[PDB]
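Trainee: Protein chains in written order, with the entry's author numbering: chain SX, 50 to 145; chain CB, 241 to 275; chain Se, 3 to 11, 24 to 61; chain CC, 13 to 33, 43 to 310, 335 to 356, 484 to 787.
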Amino acid sequence: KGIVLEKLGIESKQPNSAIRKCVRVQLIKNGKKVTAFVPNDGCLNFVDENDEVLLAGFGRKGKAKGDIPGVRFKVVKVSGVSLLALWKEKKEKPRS
Amino acid sequence: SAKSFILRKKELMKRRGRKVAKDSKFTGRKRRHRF
Amino acid sequence: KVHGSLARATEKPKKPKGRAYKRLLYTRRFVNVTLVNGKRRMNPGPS
Amino acid sequence: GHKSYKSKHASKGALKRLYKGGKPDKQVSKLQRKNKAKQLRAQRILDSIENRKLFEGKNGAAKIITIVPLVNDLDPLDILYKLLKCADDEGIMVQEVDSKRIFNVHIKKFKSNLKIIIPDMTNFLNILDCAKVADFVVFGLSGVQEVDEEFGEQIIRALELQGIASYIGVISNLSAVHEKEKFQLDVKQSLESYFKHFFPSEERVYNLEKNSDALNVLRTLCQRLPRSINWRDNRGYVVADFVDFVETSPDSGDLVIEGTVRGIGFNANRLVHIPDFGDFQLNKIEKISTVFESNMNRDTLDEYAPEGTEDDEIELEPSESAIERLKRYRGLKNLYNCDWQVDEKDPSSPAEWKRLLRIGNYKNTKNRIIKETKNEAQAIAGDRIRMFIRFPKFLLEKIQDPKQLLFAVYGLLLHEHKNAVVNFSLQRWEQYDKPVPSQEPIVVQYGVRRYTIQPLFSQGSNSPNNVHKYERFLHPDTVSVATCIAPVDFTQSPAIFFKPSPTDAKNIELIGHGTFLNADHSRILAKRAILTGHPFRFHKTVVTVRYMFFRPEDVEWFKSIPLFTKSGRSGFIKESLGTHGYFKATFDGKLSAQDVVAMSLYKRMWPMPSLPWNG
RNA sequence: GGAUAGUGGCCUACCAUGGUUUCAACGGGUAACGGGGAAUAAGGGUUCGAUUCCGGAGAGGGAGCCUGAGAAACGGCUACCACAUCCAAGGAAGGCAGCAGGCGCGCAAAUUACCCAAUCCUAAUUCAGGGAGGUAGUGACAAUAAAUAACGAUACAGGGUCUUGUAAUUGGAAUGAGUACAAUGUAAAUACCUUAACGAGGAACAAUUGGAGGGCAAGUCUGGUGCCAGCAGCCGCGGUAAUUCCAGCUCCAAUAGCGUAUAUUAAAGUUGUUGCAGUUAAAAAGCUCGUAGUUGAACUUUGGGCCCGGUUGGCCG
Numbered sequence: 050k051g052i053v054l055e056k057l058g059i060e061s062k063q064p065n066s067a068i069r070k071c072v073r074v075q076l077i078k079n080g081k082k083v084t085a086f087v088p089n090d091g092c093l094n095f096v097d098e099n100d101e102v103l104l105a106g107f108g109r110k111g112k113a114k115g116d117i118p119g120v121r122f123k124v125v126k127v128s129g130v131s132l133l134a135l136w137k138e139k140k141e142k143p144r145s
Numbered sequence: 241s242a243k244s245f246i247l248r249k250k251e252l253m254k255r256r257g258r259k260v261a262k263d264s265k266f267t268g269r270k271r272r273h274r275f
Numbered sequence: 003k004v005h006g007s008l009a010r011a024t025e026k027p028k029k030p031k032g033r034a035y036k037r038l039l040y041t042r043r044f045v046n047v048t049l050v051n052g053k054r055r056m057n058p059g060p061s
Numbered sequence: 013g014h015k016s017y018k019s020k021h022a023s024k025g026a027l028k029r030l031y032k033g043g044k045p046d047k048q049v050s051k052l053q054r055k056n057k058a059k060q061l062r063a064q065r066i067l068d069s070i071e072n073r074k075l076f077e078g079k080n081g082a083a084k085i086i087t088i089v090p091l092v093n094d095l096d097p098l099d100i101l102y103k104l105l106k107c108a109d110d111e112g113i114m115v116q117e118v119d120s121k122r123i124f125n126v127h128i129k130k131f132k133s134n135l136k137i138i139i140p141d142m143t144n145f146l147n148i149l150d151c152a153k154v155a156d157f158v159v160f161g162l163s164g165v166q167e168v169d170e171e172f173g174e175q176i177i178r179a180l181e182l183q184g185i186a187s188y189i190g191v192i193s194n195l196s197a198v199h200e201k202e203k204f205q206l207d208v209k210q211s212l213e214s215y216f217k218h219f220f221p222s223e224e225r226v227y228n229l230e231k232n233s234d235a236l237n238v239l240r241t242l243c244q245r246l247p248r249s250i251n252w253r254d255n256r257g258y259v260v261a262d263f264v265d266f267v268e269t270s271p272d273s274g275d276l277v278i279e280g281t282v283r284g285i286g287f288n289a290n291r292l293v294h295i296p297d298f299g300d301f302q303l304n305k306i307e308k309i310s335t336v337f338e339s340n341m342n343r344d345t346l347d348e349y350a351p352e353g354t355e356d484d485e486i487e488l489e490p491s492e493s494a495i496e497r498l499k500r501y502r503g504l505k506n507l508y509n510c511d512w513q514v515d516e517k518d519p520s521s522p523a524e525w526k527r528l529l530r531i532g533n534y535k536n537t538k539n540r541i542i543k544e545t546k547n548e549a550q551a552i553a554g555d556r557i558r559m560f561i562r563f564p565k566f567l568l569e570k571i572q573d574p575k576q577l578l579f580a581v582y583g584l585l586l587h588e589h590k591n592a593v594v595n596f597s598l599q600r601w602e603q604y605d606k607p608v609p610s611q612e613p614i615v616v617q618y619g620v621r622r623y624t625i626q627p628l629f630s631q632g633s634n635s636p637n638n639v640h641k642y643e644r645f646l647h648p649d650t651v652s653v654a655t656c657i658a659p660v661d662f663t664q665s666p667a668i669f670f671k672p673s674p675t676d677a678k679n680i681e682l683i684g685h686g687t688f689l690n691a692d693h694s695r696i697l698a699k700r701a702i703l704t705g706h707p708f709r710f711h712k713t714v715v716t717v718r719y720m721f722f723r724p725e726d727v728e729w730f731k732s733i734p735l736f737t738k739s740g741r742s743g744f745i746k747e748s749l750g751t752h753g754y755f756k757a758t759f760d761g762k763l764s765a766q767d768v769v770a771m772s773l774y775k776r777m778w779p780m781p782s783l784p785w786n787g
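1. Is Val89(CC) close to chain Se? Criterion is C-beta to C-beta, closer than 8 Å.
2. Provide the residue span of the beta strand (DSSP E) that contains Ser133(CC), from first to last.
3. Would you tell me roughly how many angstroms separate the C-alpha atoms of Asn94(SX) and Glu55(SX), rounded to the nearest one?
4. Using DSSP's beta-bridge definition, name the partner residues of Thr354(CC).
5. How close, in whole Å, do the beta carbons of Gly106(SX) and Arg121(SX) come, if the pair is a contact with beta carbons under 8 Å?
6. Using DSSP with H/G/I as helix, E/B as strand and the rest coil, what is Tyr31(CC)?
7. Beta-carbon of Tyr534(CC) versus every beta-carbon of chain Se: anything under 8 Å?
8. Measuring only the C-alpha atoms, how far is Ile295(CC) from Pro674(CC)?
9. Could you check whether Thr545(CC) and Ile285(CC) sit closer than 8 Å to each other, using their CB atoms as the reference points?
10. Return the CA-CA distance between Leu132(SX) and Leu180(CC), expressed in angstroms with no decimal places.
11. Determine, for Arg258(CB), whether the minimum Cβ-Cβ distance to residues of chain SX falls below 8 Å.
12. Does the beta carbon of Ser7(Se) sit closer than 8 Å to a beta carbon anywhere in chain CC?
13. The beta strand (DSSP E) spanning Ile702(CC) covers which residue range?
14. Would the segment 633 to 652 of chain CC and the segment 498 to 512 of chain CC be scored as touching if the rule is three or more Cβ pairs under 8 Å?
15. Does the segment 693 to 700 of chain CC come into contact with the segment 775 to 787 of chain CC, if we say contact requires no fewer than three beta-carbon pairs (one atom in each stretch) closer than 8 Å?
16. Please identify the residue among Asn89(SX), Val125(SX), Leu57(SX), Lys82(SX) whose C-alpha is closest to the C-alpha of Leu104(SX).
17. So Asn147(CC) is in the alpha helix (DSSP H); what residue range does that whole segment cover?
18. Please work out which residues of its chain come closer than 8 Å, Cβ to Cβ, to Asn591(CC), disregarding the five sequence neighbours upstream and downstream, and give them in chain order.
19. Taking the alpha-carbon positions, what's the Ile625(CC) to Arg274(CB) distance?
20. Please return the same chain residues whose Cβ sits closer than 6 Å to the Cβ of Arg562(CC), not counting the five positions on each side in sequence.
21. Since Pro143(SX) meets chain CC, which of its residues come closer than 7 Å, beta carbon to beta carbon?
22. Measure the C-alpha to C-alpha separation of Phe736(CC) and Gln63(SX) and round it to an integer number of angstroms.
23. Could you give the DSSP three-state label for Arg274(CB): helix, strand or coil?
24. Whole-angstrom Cβ separation of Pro707(CC) and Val715(CC), contact assumed at under 8 Å?
25. Output needed for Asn690(CC): all residues of its chain with C-beta closer than 8 Å, excluding positions within five of it in sequence on either side, in chain order.
26. By DSSP's criteria, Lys756(CC) is part of a beta bridge. Which residues make up the other side?
27. Comparing C-alpha positions only, which one of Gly761(CC), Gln664(CC), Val651(CC), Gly583(CC) sits nearest to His711(CC)?
28. For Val168(CC), which of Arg73(CC), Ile137(CC), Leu212(CC) has the nearest alpha-carbon?
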């Protein structure tokens with residue numbers, strides 16, 4: 050579980066974009082800072098600054114479906130709710 | 241360049257001699273918008 | 003979209031579920047096979 | 013070619029072609054390992070205690086608690102009296118039964134201090150105002166009536182998006198449903214799943230019938246630390262308890278605010294905002310648990350900074493002249509392959525645009541302005557301050573007794589009152605099918621300031637030229653960007669969008685919500701202009717267009733702009749045939765009468781200044 | 001000799017100079033309590049074991065001791081150290097790694113409930129007591145069993161006078177999820193078992209989680225958005241390092257379950273004792289001597305004869 054600091058524009062390319070960009074997050078226990086991975090766009094409005102996300106490893110990769118080098122920590126939950134349920138309009142994220 | 245890769249290996253298995261499904265306009269699409 | 007406060011006390027009619035759903039597959043898969051092309055296709059579009 | 017030499021580690025000769033072109046290691050012994058875990062935990066446990074030094078509720082603490090029932094058939098008074106029953110003190114409820122809304126409750130069982138605030142139900146903005154100041158919101162639910170569809174859920178969602186601290190849900194009406202506990206549990210889980218939809222962190226809504234569970238709420242308010250809100254805690258905030266007005270001038274005086282200070286810290290030189298009153302400057306502060338006064342570095346009260354002066485088809489009407497309306501346009505071809513300037517001379521540009529701040533980067537000065545207020549704060553948060561503020565006399569008719577309605581005091585940062593053109597994020601509210609234009613008067617609450625605004629809608633797609641397409645109407649599905657002039661907020665505080673109407677129970681029609689994005693003047697919004705016409709006659713190479721123009725001078729001046737059609741066929745004009753707009757043209761293909769002749773031409777928009785809202 | 005309940009360098013006085021080790025002593029690390037055991041299955045193995053049983057140790061850190069058969073005891077005392085409580089400012093009281101509970105930590109863990117009715121234990125003792133234990137609440141850790149429909153008639157499509165599918169066609173039967181007299185149950189209740197009464201015609205009492213170049217099971221599907229110095233020009237087609245930009249349809253698998261993350265095991269003969277490899281792909285010391293280590297030619301009562309009593313198949317019954 051870690052505190053998000055800022056969100057990066059690690060974009061596929063310039064304007065004609067496959068939007069998969071994510072954030073810079075500091076883990077709360079060891080104090081180390083890592084780079085995260087969020088799913089498809091429309092979840093970036095959920096993740097503001099200082100939301101205390103819960104993130105897990107990304108791990109498996111093919112030659113498609115996400116080929117971003119240098120990221121291995123997908124974000125599973127933001128502000129203690131979810132990202133699957135928050136994207137599919139099951140619940141709502143409280144604002145800080 | 242995902243569409244370039246998926247076609248490139250597909251006629252390779254013509255020459256190797258195995259079954260492969262014939263294509264349409266979903267070949268290089270994200271089949272699932274993610275979480 | 004929101005769950006009702008007192009809820010817990024096109025449209026196509028639903029498929030059967032459980033044991034009766036397997037009855038639908040067994041009828042569909044092989045008893046009286048509907049479309050036959052010699053290789054037993056399973057999901058065509060506009061023919 | 014030749015077969016290469018191979019080795020796992022590179023050869024010494026090969027390093028010479030490459031290269032020519043301290044702290045010793047440690048093996049941790051157990052006692053060093055055992056000491057380091059002790060040293061990091063002992064530093065951790067000091068961090069928890071020192072962060073909890075704000076809430077030893079004997080002298081220096083005040084937890085701000087707001088009871089917000091959601092049903093009109095639910096009184097916050099009995100909710101409060103049921104919770105105070107578990108402190109084994111009956112006299113505290115006797116002293117507050119007559120007429121009180123602000124309670125300084127001292128608890129001797131848990132050694133805590135609570136500030137209890139009950140908002141007025143007749144005003145939706147008052148409910149919104151009392152809750153953002155607090156550190157805890159208690160949502161009172163009903164066991165007998167369902168939540169209001171257009172009133173109760175709107176209270177939750179309005180609090181949901183503007184920022185909320187920690188929360189506890191309670192039930193006081195569970196006796197009304199059938200007395201068998203199997204029936205009370207069936208309705209309790211229904212509310213548990215209902216509250217989980219809105220507030221997902223808590224998977225248990227509390228019943229006030231059981232005195233242990235009534236104490237479970239009562240302990241949790243006093244003991245568990247409140248969750249912080251970034252925008253509120255970055256500027257400081259003061260809850261008033263006593264207000265007294267003195268006379269020093271025939272037109273203004275000083276209010277004596279006796280209250281406690283929480284947040285980040287206050288300075289004598291900074292400004293202040295009182296909700297639904299406006300912005301003012303500091304006069305004097307005093308410390309009781335030294336004396337600091339506003340020196341010559343005061344921020345002056347003026348909406349425009351004076352020191353900045355040194356730095484889509486349209487049908488054409490025959491009486492309307494195409495010359496006079498189309499002078500401020502440019503004839504570019506691509507939205508992503510064009511150039512524009514921000515300092516262009518235009519009569520449509522506001523005269524006070526020169527008097528506007530041209531801020532370079534948002535996040536750098538946003539980070540800069542925080543650490544300045546961290547070290548340049550005199551009134552430390554978690555103290556008692558006698559607040560002497562400057563105040564015009566004719567507003568005393570609106571201030572009321574602080575023991576009945578809340579009277580907040582909000583600190584401000586550097587250059588808050590000075591304007592800069594900003595862009596807001598905007599997402600459509602749920603079940604809002606009403607379309608709105610980009611010029612309708614809209615009242616927006618961002619951070620704490622409430623302003624009337626008519627911003628310009630746009631799309632948030634990235635562009636290298638920082639030029640975007642304008643939408644006449646709000647986009648019904650995706651997030652939009654609304655760009656306007658407003659006083660800047662350096663906290664990226666969330667914003668809520670609404671408009672007043674007395675038809676509803678509330679004087680609020682919620683439009684949407686969003687966040688403070690940027691103070692951007694490099695971003696310019698452009699509009700495409702299309703004027704249509706009917707191709708009247710056709711030949712082998714010459715087409716005559718009717719209702720494209722109505723004067724022969726319009727045809728001659730508009731010859732340079734390349735001609736295209738909505739079907740995607742380009743061309744050029746040839747000559748002016750008639751006076752009423754008949755003119756010859758040439759095209760690459762043969763077009764029929766159902767096609768339309770159209771032009772592509774582009775302009776600028778300059779947004780309108782903001783005004784604060786009252787009432 | 002002293003000391004102990006008692007042997008003994010356990011301690012003391014003197015006198016000897018020994019004791020362990022390349023068969024790994026000694027030192028160091030262990031995110032190490034040991035074991036019965038757990039997962040993984042072609043075999044051997046690899047990994048795990050804080051945790052329902054047995055043994056050890058500790059009751060914030062050390063030390064000292066009273067009482068007693070038994071204690072270096074902490075729901076005993078004394079002192080020191082570290083925390084910390086009360087006040088009348090003189091003084092007093094502490095120890096939840098017992099049961100509930102709370103703070104802090106973290107990815108990560110429940111009620112400040114009922115009772116000694118059972119199991120056993122303690123006492124002066126059938127009787128008192130027991131947060132030991134049991135009952136219940138929370139509980140998708142894990143495990144067992146299997147609801148979400150079955151049948152008939154009419155009209156079409158068949159295989160072809162007897163057999164299946166289709167339909168906004170139709171008909172009555174059956175039942176528990178629920179509510180609930182009562183009774184069983186229980187220390188008393190809840191719940192299960194039994195049951196008077198009510199309780200099914202689909203938007204009822206409506207099942208989800210994933211997946212479709214191969215793995216691999218499942219598309220010669222659809223719509224919309226943005227770009228093309230590409231063809232054509234009423235429409236469109238194609239590309240689109242948009243690594244498909246956003247949605248939908250269809251199909252497949254498992255099923256009251258399903259997906260993801262980390263660790264580990266199988267696949268794996270990538271730890272190879274069974275059972276790898278070293279010319280050219282990782283890898284044969286530059287060469288020889290040589291101690292431990294490992295390994296070490298063949299050879300000494302073999303053969304024949306006698307009878308005895310057994311367990312297996314049968315010609316036999």
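A virtual CB, placed ideally from N, CA and C, is assigned to each residue, including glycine.
Mentor: A quick look at the data gives this:
1. no
2. For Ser133(CC), the enclosing beta strand (DSSP E) begins and ends at 133 to 138.
3. 13 Å
4. Answer is none; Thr354(CC) lacks a bridge partner.
5. 6 Å
6. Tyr31(CC): helix per DSSP, three-state reduction.
7. False, the Cβ-Cβ gap to chain Se never drops below 8 Å.
8. 25 Å
9. yes
10. 21 Å
11. no
12. yes
13. From DSSP, the beta strand (DSSP E) with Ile702(CC) extends over 696 to 710.
14. At 8 Å Cβ cutoff, the stretches touch.
15. Judged by Cβ distances under 8 Å, the segment 693 to 700 of chain CC makes contact with the segment 775 to 787 of chain CC, as three or more pairs qualify.
16. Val125(SX)
17. 145 to 153
18. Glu348, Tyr349, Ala350, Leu528, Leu529, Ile657, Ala658, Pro659, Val660, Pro781, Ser782
19. Linking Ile625(CC) to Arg274(CB) through their CA atoms gives a straight-line distance of about 37 Å.
20. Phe301, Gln302, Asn304
21. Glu181, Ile185, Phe220
22. Note on geometry: alpha-carbon atoms of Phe736(CC) and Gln63(SX) lie some 29 Å from one another.
23. coil
24. Contact between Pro707(CC) and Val715(CC) is confirmed by a C-beta separation of about 5 Å, below the 8 Å threshold.
25. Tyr534, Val594, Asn595
26. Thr716(CC), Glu747(CC)
27. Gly761(CC)
28. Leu212(CC)
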